[PDB]
């Protein structure tokens, strides 16, 4: 199955002007390479676009440190459905950070998406309002998803509500984790 070149260009434009970190991965092959990565993602990770395209995003990890998170990721990718998970990640300078990662299938068939979209949230970060910030990120993300087409327009409010909820919950878990 194939997405039109015009849709792919729409996704590009969405990425280029987005105010949230966004990545796009090719699901057509098992290596699952990065194919799009926008400035807010580049600036969080300290990389340049030319450095990372063609690589799997696991480059952000070190050793094996996110075992259960990674198994949940693999399932959601094979299934072709959304997932939010928290990961220990590292910038290009090896400084660590915790990544609230949002995953969404793009294109293809219901159980065989053409791409996967990733949006990263840094649990650095703000202060005592991490829940609000994460929920805000999720609302902005849902707006971008709806522009792409992966989230049905009529369901935007419903996705955001649940997405904002799922995000705040994860932030809570992460905060009682030490």
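Residue numbers count along the first chain shown, from 1.
Relative to one another, 119-127 and 48-56 have unequal mean CA B-factors, and 119-127 is the one with the higher figure. Remark: stretch with higher mean C-alpha B factor among 144-152 and 62-70 is 62-70.
Note on 139, 40, 113, 30: the highest value goes to 30, judged by CA B factor as recorded.
Ranked against the other modelled residues of its chain, the C-alpha B-factor of residue 161 as given in the entry falls in the middle third. Ranked within its chain, residue 84 lands in the lowest third, by CA B factor from the PDB record. In the deposited entry, the Cα temperature factor of residue 10 places it in the middle third of its chain's modelled residues.
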